[PDB]
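Summary of the model geometry
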Amino acid sequence: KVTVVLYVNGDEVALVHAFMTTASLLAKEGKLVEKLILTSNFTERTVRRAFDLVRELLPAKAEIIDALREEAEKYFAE
């Protein structure tokens, strides 16, 4: 169980690409994240909507994407 700090430049595209590469990287190592810290220029809403597209475009990792999305919502809940 790991706590991940993620920085993503750019816009919603870079955040969507970074979530896929993260979820696929976590799936290979079998490592699970207990807390996600997201540092970037996007609102809480754009982060949630990004996560939705990650689940749609990468359904084989949808279980990891949903777990990371809850932690991002809980992180942005401060």
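Per the deposited record, X-ray crystallography is how this structure was determined, to a resolution of 2.52 Å.

1. Regarding the packing of aromatic side chains
Any two aromatic rings considered together are summarised by their centre-to-centre distance and by the angle between their planes. This model, assessed by the stated rule, comprises 2 aromatic pairs. Ring centres of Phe-19 and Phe-51 lie 3.9 Å apart, and the angle between their planes is 15 degrees; this geometry places the pair in the stacked category. Within this pair, whereas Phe-19 is found in helix 1 (residues 12–29), its partner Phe-51 is found in helix 2 (residues 44–57), the two being separated by 32 residues in sequence. Note on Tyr-75 and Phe-76: the rings are 5.3 Å apart at their centroids and 55 degrees apart in plane angle, and the pair reads as tilted. A relative accessible area of 26% means that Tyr-75 is categorised as partly exposed.

2. With respect to the pattern of salt bridges
Applying the stated criterion to the full structure yields 5 salt bridges. The closest approach of N and O atoms between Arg-55 and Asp-66, which form a salt bridge, is 2.5 Å. Of this pair, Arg-55 sits in helix 2 while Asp-66 is found in helix 3 (residues 62–76), placing the two residues 11 residues apart along the sequence. For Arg-55, a relative accessible area of 41% translates into the label partly exposed. Two residues, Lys-74 and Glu-71, come together in a salt bridge whose shortest N-O distance is 3.6 Å. On the criterion of helical spacing, the pair formed by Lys-74 and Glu-71 is a turn pair, its members being 3 residues apart in helix 3.

3. Overview of the pairing of strand 2 (residues 33–39)
As paired strands, strand 1 (residues 2–7) and strand 2 are joined by 6 bridges and run parallel to one another. Residue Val-2 lies in a different strand from strand 2, and its bridge partner there is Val-33.

Cut-off values and rules
- All residue numbers refer to a per-chain count from 1 along the written sequence rather than necessarily to the numbering of the entry. Residues that lack coordinates are not shown.
- Computation of side-chain values covers all heavy atoms of the structure but excludes hydrogens and water.
- The criterion for an aromatic pair is that two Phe, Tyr or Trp rings (for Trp, the six-membered ring) have centres within 6.5 Å, with stacked assigned to planes under 30 degrees apart, edge-to-face to planes over 60 apart and tilted to the rest.
- Helix and strand definitions follow DSSP, with helices as H or I runs of at least four residues and strands as E runs of at least two, each counted in order from the N terminus.
- Burial here depends on accessible area, computed with a 1.4 Å probe over protein chains only, as a share of the maximum for the residue type. Under 20% is buried, over 50% is exposed, and the range in between is partly exposed.
- Salt bridges are defined by distance alone: a side-chain nitrogen of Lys or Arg within 4 Å of a carboxyl oxygen of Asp or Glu.
- Pairing between two strands requires that DSSP report at least two bridges joining them.

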